[PDB]
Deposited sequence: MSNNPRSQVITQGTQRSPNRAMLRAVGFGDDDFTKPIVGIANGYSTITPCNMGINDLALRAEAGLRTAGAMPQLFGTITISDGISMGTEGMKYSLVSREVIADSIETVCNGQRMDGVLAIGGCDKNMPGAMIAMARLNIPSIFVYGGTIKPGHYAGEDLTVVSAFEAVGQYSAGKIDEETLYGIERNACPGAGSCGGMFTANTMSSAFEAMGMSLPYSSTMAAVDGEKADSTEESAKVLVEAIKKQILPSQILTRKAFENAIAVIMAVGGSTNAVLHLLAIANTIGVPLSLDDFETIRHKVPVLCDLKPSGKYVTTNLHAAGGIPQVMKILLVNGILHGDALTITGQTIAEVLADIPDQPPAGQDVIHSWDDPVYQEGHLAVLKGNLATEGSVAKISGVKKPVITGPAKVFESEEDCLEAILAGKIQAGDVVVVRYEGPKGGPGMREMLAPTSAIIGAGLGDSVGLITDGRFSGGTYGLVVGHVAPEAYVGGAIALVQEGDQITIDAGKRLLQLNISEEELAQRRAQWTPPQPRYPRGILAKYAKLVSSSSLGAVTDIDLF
């Protein structure tokens, strides 16, 4: 008599999560007929209620940690034999996967599904992560690109429940599926579909949670070996429903397998390996569609998620180099200690062509919460400066500019990264061709500035933001909150 949890994602009623509840009954149905006793339970979410530009956004990554905590607390508390998480299209559903890695009890992830023709039609965070989850064998094939309102998604939910019951009887564990090879498989797929830069953070967090080595260097290494195969929004032309119709993630994965990238011997939740699961998929995408390009006529010849390093980011940083015409700039620094201070200066006309705008103390501890910042890139585009200024931050930017936009600068300013030592007027070089992010001062003036730097006082001495800032690690570790505590 297995006791199986159903972690029902998106349990914050709003007109946007009607469908997710329809799948929970299907999962509970499939669990009972497969011989399990389901225990349904809900987890929080804040996507579509969060106000972009204010501090609500600082709670977004925080809610990823709260979701992981809830599932781990319930599943351990209820001594469950397995758990099925239904993640809706919310930016913090990677929290369920972090919990599965922590629990290491048999698990399967059911994506709530995509919407048909905004943020859940293109390859933003949720769709990138759900596809990544399928690429790692934690979701059934085709399941990550099904539409939410479609019947095959309900059928896939029941089937996931059945497979999970088999996985409990066979003890197929997350630690056996979420291997280094599965993560390498997920990075390749994320490059091949033009996925979100947020997936870098979430994949690092899952790997550092389960105990397999993964670093930003591995993203950059795989980036050069894997072309962008899919022409997908936001950067590209099609939406997830077109990708699904053209063969979905299995077709993408099979192209990567036959062309030497994918690890075919990695295991999936059904007990079959990747190569076995893809055995009947054609080696090339169908004719008559250009959603999925062929290996020899890709959308781009290498991946789009570049890692820049240098004295300004000794641990690394992430820049999407997709629609960037000139991927180099050297300019004078304009520095801000918050998103607000930066937006204020842009609107006041204080940023000119040629500037390198630095938004610091927005990192995991500095924010706290490493919030996504949309206002700075949008305001830069409105000022007509998109193609003539660079943007760097220890936080995250959403939206592009047609210029160089760099996030995840690590070490962050709060812990004394060199980004905290930038002074107004310093020259900064952002050079994608050199994969270089550099502060153009002497090594010894940098050390003399470092000797005078003093740690700031926390913005929030108490509350959950304080608890988060106290525990959270660097973004180059995925901003996990449970490592190196003792």
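Numbering the deposited sequence from 1, one finds several regions with no C-alpha coordinates, namely 1 to 34, 152 to 192.
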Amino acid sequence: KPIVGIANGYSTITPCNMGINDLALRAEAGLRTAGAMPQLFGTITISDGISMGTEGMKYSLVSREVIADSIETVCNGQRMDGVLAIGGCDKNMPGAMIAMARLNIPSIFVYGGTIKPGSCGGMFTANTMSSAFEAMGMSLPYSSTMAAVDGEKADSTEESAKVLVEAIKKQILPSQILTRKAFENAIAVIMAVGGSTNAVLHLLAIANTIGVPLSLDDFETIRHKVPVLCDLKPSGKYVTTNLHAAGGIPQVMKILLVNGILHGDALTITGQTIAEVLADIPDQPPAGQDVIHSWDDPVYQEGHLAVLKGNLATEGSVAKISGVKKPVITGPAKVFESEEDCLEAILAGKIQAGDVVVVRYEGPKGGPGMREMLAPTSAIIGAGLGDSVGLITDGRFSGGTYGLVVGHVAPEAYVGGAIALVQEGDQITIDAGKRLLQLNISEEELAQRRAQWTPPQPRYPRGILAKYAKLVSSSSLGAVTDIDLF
From here on, numbers count along this sequence of modelled residues.
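Legend: mean Cα B-factor per stretch from the PDB entry, 262 to 270 versus 290 to 298; the higher mean is in 290 to 298.
As listed in the deposited structure, the average C-alpha B-factor of 13 to 21 and of 458 to 466 is greater for 13 to 21. Per the PDB entry, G35 shows the highest C-alpha temperature factor of the residues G35, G425, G433, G417. Based on the entry's C-alpha B-factors, the most elevated value among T197, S235, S388, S175 belongs to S235. In this PDB entry, the Cα temperature factor of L446 sits in the middle third of its chain's modelled residues. Split the chain's modelled residues into thirds by C-alpha temperature factor. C120 is in the highest one.
Annotation for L437: C-alpha temperature factor in the lowest third relative to the rest of the modelled chain, per the entry.
Per-chain ranking of the deposited C-alpha B factor places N242 in the highest third. Ranked by C-alpha B-factor against the other modelled residues of its chain, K91 falls in the highest third.
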